[PDB]
Structure formats: C-alpha cells, structure tokens
Number of protein chains: 2
Amino acid sequence: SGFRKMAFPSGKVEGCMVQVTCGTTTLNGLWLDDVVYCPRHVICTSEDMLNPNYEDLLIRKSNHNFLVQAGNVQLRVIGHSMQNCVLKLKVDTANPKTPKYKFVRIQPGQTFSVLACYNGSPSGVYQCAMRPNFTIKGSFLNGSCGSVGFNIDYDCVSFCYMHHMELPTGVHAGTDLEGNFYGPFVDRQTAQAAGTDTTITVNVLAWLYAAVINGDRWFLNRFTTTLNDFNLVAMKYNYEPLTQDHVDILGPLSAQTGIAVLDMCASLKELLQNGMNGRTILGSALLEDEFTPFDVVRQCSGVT
Amino acid sequence: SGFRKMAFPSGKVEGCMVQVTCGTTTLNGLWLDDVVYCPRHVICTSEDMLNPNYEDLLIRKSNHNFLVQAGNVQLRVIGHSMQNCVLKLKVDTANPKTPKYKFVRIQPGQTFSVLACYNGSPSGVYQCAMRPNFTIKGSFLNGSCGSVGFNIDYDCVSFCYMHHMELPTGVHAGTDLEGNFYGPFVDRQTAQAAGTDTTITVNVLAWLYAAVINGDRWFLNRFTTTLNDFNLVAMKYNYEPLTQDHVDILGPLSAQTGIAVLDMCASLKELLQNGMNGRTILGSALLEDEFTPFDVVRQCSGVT
Ligand SMILES: O=C(Nc1nncn1C1CC1)[C@H]1CCOc2ccc(Cl)cc21
Ligand SMILES: O=C(Nc1nncn1C1CC1)[C@H]1CCOc2ccc(Cl)cc21
C-alpha cells in the first residue's frame, strides 16, 4: 500500500537527451532516430525573443550553426527544418538508444513525467498534469528548454510535451513534439496571461478512490448526489464539470472499492463545502488533482 | 522557477534491476558487478515469515535454487551468502550496465529516490525521506521487495535503501545495502509498531527558503526567535529540535534569500501556531519536510 506522486522510469528518455547550441544559446534536444527535436527559440538572442520572426531568423542559420552534442561526442547536422515551434535537426547518426516511440498530443487533465535537463544532461524527474488552462506547473530553470514530457506503455515511450517557456506568472508553457503549443501561448517574450486554473475533478475523484484503497476513509459520508447537483457545487469551486465520460472512466475504481461514483462525488461535495478541518488525505491537506484514474489503477496494480 | 518533488533520473538504477525467485517467491534484486543483492526473505514461504530462522532456512538452499533473471536472460548463480538481512548472490557475469556506485547508510531526515520495481521491471520513480522513526512512506505492493533507494552525485549512484516490508500500519521498512535495517525493525511478520513520526524541521525550513526563492512570500513575518524559543514550539508540534548544525546547513539558503535562519524559524513558528488559514505554500496546504537543504540548493541551481 501507500500512494505516491510517481513518475515513469526515465532511462529510455535519458538516452535521447542531447545538448543543442546555436550561437550563444544552449538548450536540450530530443534525439530520436536521425532527428534531433528542439525549441525553435534556440536561434534567438534575448533581444530577438521580444518579437522574433522565426522564418527570417532561420534564413541566417546553416546546418553547421546547430551544435549537437550527445554526451561528449558531436553529432553531424545534415539538415534542418522548422515544424511549427520546433526545429528538427537531421543528423547523420541514428540514436542507438532510440526506444519505441510515438508523438501524442494530450488533453487537459492528462498527466505525464518530465525529465528536467540542462546542457543535454538529466537533473531530475517529476510527475505533472496538463492544466485545464494548458499550462503545467513544473520546475524549470534557464537552460531547461527542450526538456520533454512523456508517458510509457511497457516499452513504448509516448512523447507529449517539450518545454519552451515560463510565463511572467511562473507557470510553464510548451508544445507537443509536432511543435504546436498547448494552449494559446506563443514563443515570444510578451504579455501572455494564463486563464483560470480549474481543478481536474475526475482526477480528484480518482485520488479519493486511491485514498480508500490505501486506508484513508474518514471523508466517506452517508450521502449521494447527481451529476447536475455535483456540477453546481463544482462550478462554484472552479472545478471542471464532471461528465458521464468521467463517470465511465472511474468505473473500475468504483467497482474495486464498491463505492458508486456519485457517492464519491457527494464526499467530494462535502469536502469542498466544509474543508478538510485540519485533516489529511494520503498525506495531503488539499484535494490532489494530478493523478488520472489510469494512474490510480496503474499504481494500485503495479504495472511495469 | 517552480518547485517540484523531484526524483533523480533512474536510468542508471534501471540497468541494475533483476528478478530473483526462490521457490514460489519472486522479488527484485540489485545486480552490481558479479553480485545480486536481495532481501533474504526471498527464501521464506508466507508461513516461515511468522518466525523465520534464516540461517536454518538458508541451509536448505543451493545456488541453483536462486533463479536470477535480467530482462529475458538467466544469470548463473555461482555463490550465495547472507549479510545481515540481505542475500548476496554471486553470478558468473558482471553487470555490463554497472554504474559507479557506493553503499551508504543514511541518517533520518535524508532524502532519496525509490525506483519501485516488480519482477525485476521498473514501474515508477518517486522521492522519499527516511523518517525520524526510521520508516519511509512509499508506494510498494506485493513483489516490490528488493526495490532500492538511491541518490546520485553526477555519475556515482549512492545506494542507501532496499525495500523489505510493510508494517501493519502501512508504513515501510527496509535496510541499507549491507542488510542492516533502518530502525528497530526485523524481517519477521510480527507486531512492529513505529514510533512517533516527527517533522524534519531543517527540511521544512529549507522548503520555506525554496518558497521565497520561487515567489511565495506571504508567510514572511516581522518577527525573529532564538534556537531555544523555536525549539519549545517545535517540541509542542512534534517537530525535531533544530540544532546549530541545522542552522549552518541552511547558511547558503539564508545567504541567497537574505533571510536569517532564525527569522525563518519565527515564520515557521507562526505557521505552526496559526496554521495556513486556507492558504498554500508551493502548492501545498501543509508544511513539506521531504526536501533537504541540499535538495533545495540542487533544484534551485540545476545540478545535472
Ligand atoms: O523562459 C524561458 N525558459 C525557461 N524555461 N523554464 C524556465 N525558463 C526561464 C527561467 C525563466 C526562455 C524561453 C523564452 O524566452 C526567454 C527569454 C528570456 C528568458 Cl530569461 C528566458 C527565456
Ligand atoms: O510486506 C511485504 N512486502 C511488501 N513490500 N511492500 C509492500 N509489501 C506487501 C504489500 C504488503 C512482505 C515481506 C514481509 O513478509 C510478508 C508477509 C506477508 C505479506 Cl502479504 C507480505 C510480506
């Protein structure tokens, strides 16, 4: 038993991390097959970032200007192209450590692990959620750009995020591996305010199921509710509306614990209305929303 | 910016995980050089665990009874010995993926990453602290025994923990890599109650410094305190006593923020006495104690 904010093992992704330098800018790249993926803002100076014309800036760059280093060995760049906000640097060597992989665009509320890197070297791994306002709350310093988010299904790594920037509010923004930003954000140093950071309701419920499975039951009450009644309370508390799709997704957790989804919604409703009263749930004093129902099942079953 | 419960990249440790089976028991082992380390309770049946005589049980086991599998390939066991609560299985092949490593016995309050494994395969990685009562609060299911805790200094992996059991209270106990248990626990299915789980005061202060560095400053007050006055409050709240050694260890964080350690102790004192009042610090509603002052410096500087 016990429930932890668990990240995927990062070894498969560590073997893909490289350093990419263009001029005076060094960031991280992802080396998969004979392609290195990195944020296109590697071509920018700090001045350029204020209003960059990436196509115009890219004209002044040749293959030899992109310095790609894997460990202590240099990769030869034989091609470069821009796909949305990412650059794809074709190298002459396929990464021998390339795992089975996919590029996936996640939905808000989904979780992933981030392997934070600096100069192509891994510093740490943590679990994140794509917030409903399309930001992530990570831990990224200067040089962390190009660090990636991913999920693993046994031996296939699904890359879902590449880190690009920190908004003036300290939250993070990035793209999928096709270079498309999550949300309305652009790779420009400009006023970009995030929208409302609502709570991922289906994730909180999944985490409440994880608590029951792991012994924390104090919050279970004698009440039930309806999707409409629950949603009225969820609106008031900046919680995402719960749909029948979410109820169906919670089905296996409901079956395992014997607690109907709407009964758990009524427990969540009372927690929102009365608070925790100085108590904790799974060692947390707030309602945790960065565990999906799939993460809960996976962690509680031991998927390797 | 941003501060996350970050684990070390686990690739170096993933390459050491093997499956060890003895009879009907399968658990994880750590393969370093030509030795596989695993909990000695791999030789036990569920009945034996009630009152095992490990030396007597071990007499009935030969090298061929320990089945060691690395991925899909079997390792030949050419020797076996018991060192405290761990078995050391000598194999005929040195692990080609053996990283630079040390075996270290950590002190209560120190942190480490756990690579949770099942059948020699990694399932996930999370950051833990050795509690002051010598337990850890992990996420371990049946089959997770032999999963290890470690820290990394650039390329050297310091193994500090091997998972052995879950106490009836859901907390976890284990040994260092010499097989010595942390705390008073024994590898026997018996009444083993944990002592008081006090809060790691020096870690909370380090995390309060991390909050200031990352923008969360609401809790800073106009007060100061003394080590003795602070410790009176810390005793009342089941916080570990703060020593001058702890103040010295917080020195670089104090210097970076310009907030004297005793002033931060006065902030912590008011937080203990008044609570958070429904507010959060680094996205937490409670005082976090599983970040050491070294973790805070490391995360805030970007050590790879
Ligand atoms: O935000 C940035 N990258 C990063 N990633 N995670 C965190 N941080 C930094 C620490 C903010 C870059 C990309 C956008 O253009 C600029 C412009 C100025 C500066 Cl200082 C940084 C950046
Ligand atoms: O606690 C155990 N290992 C484990 N590790 N982390 C978690 N869990 C299990 C889930 C409790 C083992 C070792 C002690 O002897 C026994 C005896 C009975 C049983 Cl059921 C398990 C065990």
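A, B, ... follow the sequence lines: proteins, then strands. Residue 1 opens every chain. Both backbone and side-chain heavy atoms feed into the values below; hydrogens, waters and symmetry mates do not. Read the numbers this way: they start at 1 and go in the same order the structure lists the ligands and their atoms.
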Margin query: Between B:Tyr37 and B:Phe159, is the ring pair (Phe, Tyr, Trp, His ring centres under 6.0 Å) condition met? List the steps.
Written below: CA-CA 11 Å; B:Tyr37 298 84; B:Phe159 293 102; 8.5 Å; no
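- Of the protein's heavy atoms, A:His164 O, 3.3 Å lies nearest to atom 13 (C) of ligand 1.
- Aromatic ring centres of B:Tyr161 and B:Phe112: separated by under 6.0 Å.
- Inter-residue side-chain proximity for A:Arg188 and A:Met165 is flagged as unmet; no heavy-atom pair is nearer than 4.5 Å.
- The distance from ligand 1 to the heavy atoms of A:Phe140 drops below 4.0 Å at these ligand atoms: 6 (N), 7 (C).
- Residue A:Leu141 touches ligand 1 through its backbone alone, judged by heavy-atom distances below 4.0 Å.
- For the pair A:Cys145 and ligand 1, a heavy-atom separation below 4.0 Å is found.
- For atom 22 (C) of ligand 1, the protein comes within 4.0 Å by no heavy atom at all.
- Counting heavy atoms from C-beta on, the side chains of B:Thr304 and A:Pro122 never come closer than 4.5 Å.
- Nearest to atom 5 (N) of ligand 2 by heavy atom, out of B:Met165, B:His163, B:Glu166, is B:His163.
- Protein heavy atom at the shortest distance from atom 14 (C) of ligand 2 is B:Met49 CE, 3.6 Å.
- The pair B:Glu178-B:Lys88 fails the salt-bridge criterion, with no side-chain N (NZ, NE, NH1 or NH2) lying under 4.0 Å from an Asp/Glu carboxylate O.
- Heavy-atom contacts of B:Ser144 reach the following atoms of ligand 2: 5 (N), 6 (N) (cutoff under 4.0 Å).
- Per-residue contacts place A:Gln189 under 4.0 angstrom from the following atoms of ligand 1 (heavy atoms of the residue considered): 17 (C), 18 (C).
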Worked check of side-chain hydrogen bond (donor to acceptor under 3.5 Å, both in side chains) between A:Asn133 and A:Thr135: CA-CA 6 Å; A:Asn133 62 7; A:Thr135 68; 2.6 Å; yes
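- Among protein heavy atoms, the minimum distance from atom 10 (C) of ligand 2 is reached at B:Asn142 OD1, 3.5 Å.
- Side-chain contact check for A:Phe66 versus A:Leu87: some heavy-atom pair is nearer than 4.5 Å.
- Residue B:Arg188 places every heavy atom at 4.0 Å or more from ligand 2.
- By the 4.5 Å heavy-atom criterion applied to side chains, A:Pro39 and A:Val86 are not counted as neighbours.
- Ligand-side atoms of ligand 2 in range of B:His41: 13 (C), range being under 4.0 angstrom from any heavy atom.
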